[PDB]
Amino acid sequence: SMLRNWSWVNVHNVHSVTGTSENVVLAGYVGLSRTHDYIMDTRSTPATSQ
Amino acid sequence: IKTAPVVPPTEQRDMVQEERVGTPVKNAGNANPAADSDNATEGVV
């Protein structure tokens with residue numbers, strides 16, 4: 001069933017949808033800024049109505 | 001007349017003390033600080 005699904009194809013003829021590869025390392029959410037702002041004022045929200 | 005020993009004025013100092021029962025929040029003057037979020041109908045980045 002894997003061979004019938006073309007597990008034998010050349011891994012170079014398999015093109016990503018974008019014609020590019022990628023290796024992204026972007027610094028992310030830790031949650032210290034959200035929890036600090038809660039202790040300062042618990043009456044706000046981080047989630048907007050949209 | 002009653003002469004009484006007092007504390008000389010130069011050996012004491014009045015110091016103003018401000019007594020508070022709690023630390024005010026960040027948006028202290030705002031009744032609804034959550035109306036900046038509830039009114040973001042396009043989104044926030």
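- The record names cryo-EM as the way this model was obtained, at a resolution of 3.2 Å.

**Side note on the interface of chain A and chain B**
Right, on to step 1. The interface is formed by 10 residues belonging to chain A together with 15 residues belonging to chain B.
Right, on to step 2. The junction of chain A with chain B conceals about 990 Å² of combined surface from both sides, 46% of it contributed by carbon and sulfur atoms.
Right, on to step 3. There are zero salt bridges connecting chain A and chain B.
Right, on to step 4. Viewed at the interface, chain B and chain A are joined by 10 residue pairs in polar contact.
Right, on to step 5. Of the residues that constitute the side of chain A that touches chain B, the class distribution is two nonpolar, five polar and three charged.

**Re the side chain of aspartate 41 of chain A**
Right, on to step 1. For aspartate 41 of chain A, the location among the structural elements is in the segment after α1 (32-40).
Right, on to step 2. A polar atom in the side chain of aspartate 41 of chain A sits 3.4 Å from the backbone nitrogen of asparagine 27 of chain B.
Right, on to step 3. When sequence neighbours within four positions are dropped, the list of residues in contact with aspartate 41 of chain A reads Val25, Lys26, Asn27 and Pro33 of chain B.

**Structural notes on the packing of aromatic side chains**
Residues and elements named next belong to chain A.
Right, on to step 1. Overall, the coordinates contain one aromatic pair over all chains when judged by the stated rule.
Right, on to step 2. Ring centres of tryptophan 6 and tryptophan 8 lie 6.4 Å apart, and the angle between their planes is 50°; on these two criteria the pair is classed as tilted.
Right, on to step 3. Here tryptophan 6 falls in the exposed class, since its relative accessible area comes to 59%.
Right, on to step 4. The class of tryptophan 8 is exposed, set by a relative accessible area of 56%.

Parameters and conventions
- Throughout, residue numbers begin from 1 within each chain and advance along the sequence as written. They need not agree with those in the entry, and any residue without coordinates is left out.
- Lettering of chains starts at A and numbering of ligands starts at 1, both following the order in which they are written.
- Keep in mind that this is only part of a larger assembly, and the values describe that part, not the whole.
- Side-chain metrics in this entry use all non-hydrogen atoms of the structure; hydrogen atoms and water are not considered.
- The contact rule is simple, with two residues in contact once any of their heavy atoms fall within 4.5 Å.
- Summed over both partners, the accessible surface that disappears when two parts come together, traced with a 1.4 Å probe, is what is meant by buried area.
- Counted as salt bridges are all cases of a side-chain nitrogen of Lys or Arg within 4 Å of a carboxyl oxygen of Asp or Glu.
- Residues adjacent in sequence count toward polar contacts only when both atoms are side-chain atoms; beyond that, a polar contact is any pair of N or O atoms within 3.5 Å, and within protein one must be able to donate a hydrogen and the other to accept it.
- Just so you know the grouping, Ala, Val, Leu, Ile, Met, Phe, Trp, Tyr, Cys and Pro go in nonpolar, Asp, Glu, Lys and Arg go in charged, and all remaining residues, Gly too, go in polar.
- Helix numbering and strand numbering both begin at the N terminus, where a helix is a DSSP run of H or I of at least 4 residues and a strand a DSSP run of E of at least 2.
- Two aromatic rings from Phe, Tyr or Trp, using only the six-membered ring of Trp, form a pair when their centres are within 6.5 Å; if the ring planes differ by under 30 degrees the pair is stacked, by over 60 it is edge-to-face, and anything between is tilted.
- Burial classes follow relative accessibility: with a 1.4 Å probe on protein chains only, a residue under 20% of its type's maximum area counts as buried, one over 50% as exposed, and anything between as partly exposed.

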